[PDB]
Amino acid sequence: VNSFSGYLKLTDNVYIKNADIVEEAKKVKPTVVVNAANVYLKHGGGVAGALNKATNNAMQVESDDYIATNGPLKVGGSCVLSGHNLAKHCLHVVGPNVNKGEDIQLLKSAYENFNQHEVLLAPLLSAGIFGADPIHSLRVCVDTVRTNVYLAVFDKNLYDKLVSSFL
Ligand SMILES: CN(c1ncnc2[nH]c3cc(F)ccc3c12)[C@@H]1CCCS(=O)(=O)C1
């Protein structure tokens, strides 16, 4: 039993809710919140900008030190950093950004990072400003992640479309 509330069950291990991931993280304080990161961990907009704003920019300060030490992530890769006031840990995962021309096949590799964590609160990778089809992202999530994932979808209209079209 866990504290996630109001989710619709899609499969054995994948759950979905119309919610603001920032507000959901603040309430649940999950072990892991996933960020929709880029390779530079520049948290300017989308989910990343919202999560970073909620940490009063502490996420960005920590991220800049990480990049100065380690260099950029790979598209499809991830790193574990602090969850600050939102979660124990933040798993920063880089899905391909279609608006930069990155290979959508890398979306499966991105979701594989979730399997290193037993339970996660997450957005749909490569959705939103990353330019992928969120219905495709949900399909890859369900077909790739084997651990327990609680997906937060900000847009109510999109949430309803994702549920109604789910096979
Ligand atoms: C981006 N995205 C999110 N997913 C969950 N939580 C969020 N919080 C946010 C705060 C922002 F400022 C921007 C965005 C999000 C967000 C999802 C991708 C398609 C649109 S969506 O919004 O339907 C779901």
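See the structure above.
Residues numbered from 1 in each chain as written, not as in the entry; some residues may be left out. Heavy atoms only, no water.

**Details of the nonpolar core**
Part 1 of the reasoning: The biggest cluster of nonpolar side chains holds 26 residues, and the ones touching the most others in it are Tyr 111, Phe 114 and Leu 151.
Part 2 of the reasoning: For this core, the secondary-structure elements that each account for two or more residues are strand 2 (14-18), strand 3 (32-36), strand 5 (89-93), helix 4 (106-112), strand 6 (119-122), helix 5 (134-144), strand 7 (148-153) and helix 6 (156-164).
Part 3 of the reasoning: If you tally residues by element for this core, the top one is helix 5, at four residues.
Part 4 of the reasoning: In this structure, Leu 151 is in contact with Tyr 7, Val 14, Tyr 15, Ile 16, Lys 17, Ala 122, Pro 123, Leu 124, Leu 138 and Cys 141, ignoring residues within four places of it in sequence.
Part 5 of the reasoning: Counting residues in hydrophobic clusters, the runner-up holds 16 residues, among them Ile 21, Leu 86, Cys 90 and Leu 121. (Core = buried A, V, L, I, M, F, W, Y, C linked by side-chain atoms within 4.5 Å. Buried < 20%, exposed > 50% of the residue type's maximum accessible area, 1.4 Å probe, protein only. Helix = DSSP H or I, 4+ residues; strand = E, 2+ residues; numbered from the N terminus. Contact = heavy atoms within 4.5 Å.)

**Comments concerning the site of the ligand**
Part 1 of the reasoning: The local shell around the ligand holds 13 residues, among which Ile 21, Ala 152, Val 153, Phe 154 and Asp 155 are the closest.
Part 2 of the reasoning: At 3.2 Å from a nitrogen atom of the ligand is found a main-chain nitrogen or oxygen belonging to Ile 21.
Part 3 of the reasoning: Backbone polar atom of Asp 155 to an oxygen atom of the ligand: 2.6 Å apart, as the coordinates give it.
Part 4 of the reasoning: If the ligand stood free it would expose 480 Å²; the protein chains cover 79% of that surface.
Part 5 of the reasoning: Listing elements by their share of the shell around the ligand, those giving two or more residues are helix 2 (46-54) and strand 7. (Near = heavy atom within 4 Å. Polar contact = N/O pair within 3.5 Å; in protein donor to acceptor, adjacent residues only side chain to side chain. Areas by Shrake-Rupley, 256 points an atom, 1.4 Å probe, with all protein chains shown as cover.)

**A short note on the environment of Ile 135**
Part 1 of the reasoning: Here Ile 135 lies in helix 5.
Part 2 of the reasoning: Linking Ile 135 and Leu 162, residues 27 residues apart in sequence, is a C-alpha distance of 6.0 Å.
Part 3 of the reasoning: The contact partners of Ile 135, leaving out residues within four places of it in the chain, are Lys 161, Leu 162 and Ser 165.

**Re the pairing of strand 5**
Part 1 of the reasoning: Burial within strand 5 is extensive, with four of its five residues counted as buried.
Part 2 of the reasoning: By the bridge criterion, five bridges tie strand 3 to strand 5 in an arrangement that is parallel. Directly across from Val 34, in strand 5, lies its bridge partner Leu 91.
Part 3 of the reasoning: Pairing between strand 4 (residues 78-82) and strand 5: five bridges, direction antiparallel. (Pairing = 2+ DSSP bridges.)

**Some words on helix 3 (residues 58-70)**
Part 1 of the reasoning: For helix 3, built from 13 residues, the straight-helix expectation of 18 Å at 1.5 Å per residue is met to within 8% by its first-to-last C-alpha distance of 18 Å.
Part 2 of the reasoning: Considered for burial, the residues of helix 3 that qualify are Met 59, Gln 60, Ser 63, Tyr 66 and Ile 67. For helix 3, the arc enclosing every buried residue in end-on projection is 120°, short of the 170-degree limit, so these residues lie on one face. What points out from helix 3, more than 90 degrees from its buried face, is the exposed set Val 61, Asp 65, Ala 68 and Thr 69.
Part 3 of the reasoning: If you follow the buried residues of helix 3, they end up packed against strand 3, helix 2, strand 4 and strand 5.
Part 4 of the reasoning: Following helix 3 by one or two positions, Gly 71 adopts a phi angle in the positive range, close to 75°. (Expected span 1.5 Å × (residues − 1). Arc of directions from axis to C-beta.)

**Quick word on the pattern of salt bridges**
Part 1 of the reasoning: Throughout the structure, instances matching the rule amount to four salt bridges.
Part 2 of the reasoning: Taking the shortest distance from any N to any O, the salt bridge between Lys 17 and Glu 24 comes out at 2.9 Å. The two residues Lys 17 and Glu 24 agree in class, both being buried.
Part 3 of the reasoning: With a closest N to O distance of 3.0 Å, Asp 143 and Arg 139 form a salt bridge. In this pair, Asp 143 and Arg 139 are both assigned in helix 5, four residues apart and thus about one turn of the helix distant.
Part 4 of the reasoning: Looking at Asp 143, the relative accessible area reads 48%, which means it is partly exposed. (Salt bridge = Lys/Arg side-chain N within 4 Å of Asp/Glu carboxyl O.)

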